[PDB]
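These are the residues of each chain, in order.
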Amino acid sequence: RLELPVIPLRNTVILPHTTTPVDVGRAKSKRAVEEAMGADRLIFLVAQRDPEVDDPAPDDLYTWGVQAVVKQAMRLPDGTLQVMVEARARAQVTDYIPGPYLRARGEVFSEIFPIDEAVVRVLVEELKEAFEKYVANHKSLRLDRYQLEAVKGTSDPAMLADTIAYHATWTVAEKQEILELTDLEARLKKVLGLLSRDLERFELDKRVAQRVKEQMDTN
Amino acid sequence: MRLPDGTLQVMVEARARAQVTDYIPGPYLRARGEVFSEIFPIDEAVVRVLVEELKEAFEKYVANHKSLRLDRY
Amino acid sequence: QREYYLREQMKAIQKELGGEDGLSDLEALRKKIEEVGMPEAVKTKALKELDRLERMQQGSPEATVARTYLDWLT
Amino acid sequence: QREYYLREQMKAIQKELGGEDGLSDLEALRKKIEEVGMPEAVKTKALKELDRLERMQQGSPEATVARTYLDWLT
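Residues numbered from 1 in each chain as written, not as in the entry; some residues may be left out. Chains lettered and ligands numbered in written order. Part of a larger assembly, values for the part shown. Heavy atoms only, no water.

As recorded in the PDB header, cryo-EM is the method behind this entry, and the stated resolution is 3.28 Å.

Asks: In this structure, what is going on with the sheet that holds strand β4 (residues 64-73) of chain A? I would like to understand it.
Replies: In any sheet, the strands associate via hydrogen bonds between backbone groups, in a parallel or an antiparallel arrangement. All names here are of chain A. Taken together, four strands build an open sheet; the order of strands is β2-β5-β4-β3 and the sheet is antiparallel. The two strands at the open ends of the sheet, each matched to only one other strand, are β2 (19-24) and β3 (42-45). Strand-to-strand, the axes of this sheet are offset by a mean angle of 45°, without reference to chain direction. Across four bridges, β3 lies against β4 in antiparallel orientation. (Pairing = 2+ DSSP bridges. Helix = DSSP H or I, 4+ residues; strand = E, 2+ residues; numbered from the N terminus. Axes fitted to C-alpha atoms, helices over the stretch in contact; angles between N-to-C directions.)

Asks: Please clarify how the environment of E16 of chain D should be interpreted in this entry.
Replies: All names here are of chain D. Here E16 is to be found in the loop between α1 (2-15) and α2 (26-35). The class for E16 is partly exposed, based on a relative accessible area of 43%. Here the alpha-carbon distance between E16 and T44, two residues 28 residues apart in the chain, equals 29 Å. (Buried < 20%, exposed > 50% of the residue type's maximum accessible area, 1.4 Å probe, protein only.)

Asks: Help me out: how do you make sense of the interface of chain D and chain C in this one?
Replies: Think of interface size as the accessible area that goes away when the parts come together; that is how it is often given. Tallying the contact residues gives eight residues for chain D and twelve residues for chain C. Here chain D meets chain C over a buried area of about 890 Å², counting both sides, of which 57% is carbon and sulfur. Contact with chain C buries area across many residues of chain D, yet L6, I13 and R55 of chain D alone supply 49% of it, more than any other trio. At the boundary of chain D with chain C, the tally comes to zero salt bridges. Counting across the chain D and chain C interface gives one residue pair in polar contact. Residue contributions to the side of chain D that touches chain C peak at three residues, all from α1 of chain D. Here the side of chain D that touches chain C is built from residues that sort into three nonpolar, two polar and three charged. (Contact = heavy atoms within 4.5 Å. Buried area = accessible area lost by both parts, 1.4 Å probe. Salt bridge = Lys/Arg side-chain N within 4 Å of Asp/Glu carboxyl O. Polar contact = N/O pair within 3.5 Å; in protein donor to acceptor, adjacent residues only side chain to side chain. Nonpolar A, V, L, I, M, F, W, Y, C, P; charged D, E, K, R; others polar.)

Asks: What should I look at first to understand the packing of helix α6 (residues 184-218) of chain A against helix α1 (residues 2-15) of chain C in this one?
Replies: Each pair of packed helices can be summarised by the angle the axes make with each other and by the distance between the axes. The contact between α6 of chain A and α1 of chain C brings their axes to 9 Å, and the two run at 120°. Between α6 of chain A and α1 of chain C, the interaxial angle falls into the category oblique. Judged by the twist between their axes, the crossing of α6 of chain A over α1 of chain C is right-handed. Contacts from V208, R211, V212, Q215 and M216 of chain A of α6 of chain A reach α1 of chain C at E8, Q9, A12 and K15 of chain C. (Parallel < 35°, antiparallel > 145°, perpendicular 65-115°, else oblique. Left-handed = near helix turned anticlockwise from the far one by under 90°.)

Asks: Help me out: how do you make sense of the pairing of β4 of chain A in this one?
Replies: A regular strand places its side chains so that they alternate between the two faces of the sheet. Residue and element names in this part refer to chain A. The element β4 is largely enclosed, with a buried count of seven among its ten residues. As paired strands, β4 and strand β5 (residues 81-92) are joined by nine bridges and run antiparallel to one another. Bridge assignment links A68 to a residue of β5, and that residue is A87.

Dropping the structure here:
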C-alpha cells in the first residue's frame, strides 16, 4: 500500500479475510519478514508464479496483491519463518523497488457494494446455495464442517466470495483471476461457474461409475 | 449550476414541440418559429388501453436483467 | 487384479468415448448407408457387408478392412 | 468441459498402457498436424487417416504403414 516489504507466496493464493499461516523459507524473504514486523504488521503480499524465480524481483510476481494483517508471530527456526496472517483486500500494483527486499505500493479495497442491492443479496444467496449443494456434492474430498459454520456470520459479500473461493480448491490461475477483478458480482459468478463446471465433472464421474458397474455386472 | 470540472450541466424539460420559419446566421444563434404544435388526447379509453399495453411492455422490459441490473425504481 | 481393473475402467471409458461411445457414430454410419443413393443390389450388398461386420470384435484383425470398405462405399 | 475431461482421461490412458509410451504419441501428432501447415484438404485427409489409425491394434501390419504415412506427412 505504501511500499511494505514484499514477502513471496510459495503456494496457492491468499484470498481476502482468510486466516492464513504463511511459510517463509528463503532468507532473502526473511529480513523482509522482520522488517514487515518493522512495517507495522502489514505486508503488501504480492504473489509470484510457481517453481519460482527465487531472486526477488517484480518479474516474479502477480500484479494483483493482497493486504493482510498478521495475527501472531512465530519464532520457529526450522529453516522457514512461520507467520499467520488474516487477509484484508486485493490491490492494484503501483510501483516496484526490486529486492531483497522489494518496495511496492497498492491502491484499492475489497469493500465494493454494487448498486441494486437486491441483485447483490440474490446472487449472494444463489452462490450460497451453490456452495451448500457443492459441499454436499463434494464430500468425496470431505470438506470442513466449520467451513459451513464460519461462512454463517458474514456481512460483506466481497470477503464472502473470497472466503468461499478460498475454501474451494482450485488452480493458482483461478485465484489470481479472482484477485484481478475487484467486483463483487463478477467473483460471485466466477465461483458459481466454477462450482457448476466441477458439478459437471462430478456428473461425468457418476456416469463412468455406472458404466463400470454395467461392465462388472454383465461380465 | 456549475460542476467542478468546468462542464456546465443544464437540466431541461420539454414542454412543446415547435416548427421553424428561418434561421438567423451564427454564431451566435437566434431563431423564430411558426407555431407551438399541440394536440391534446381525446377519447382516453382506447388511448389508455394503448398506455396499458406500453406499460405491460415496459414492465416486461424491466425484468430482463438478472446479472445486468436495469433500474427497478 | 489391477490389470483387470485397468481393462474394466478403460472399456468403460470407451463406452464413454465422445459423450458416450462412437456407437452414436456407428448408427450414424447405419444412416449414412441409405441416405446417399444408392442402387438396390449395391444397397443390399453393403447392408450384408455391415451384417458381416457386426459379428466381429472391438479390435480387430479383419474388421478394419470391412469398415474401411463401408467407408469407401459411403 | 466434457471433451476436455474425457481427453484428460484418455491421455491418462495412452500414458498408462505401460506407464508411458502406450499410445502416448498421437495427440502429440494431433498437435503436430495442427502446428505445421496445412492446406485444408491435406488437413482433412490427415485427420481421416488418423481416425482410421486410432481404433485398431498397434501390432497390425496396416497400422505400420498408417503410422509411416502420418510421419511422412507432418
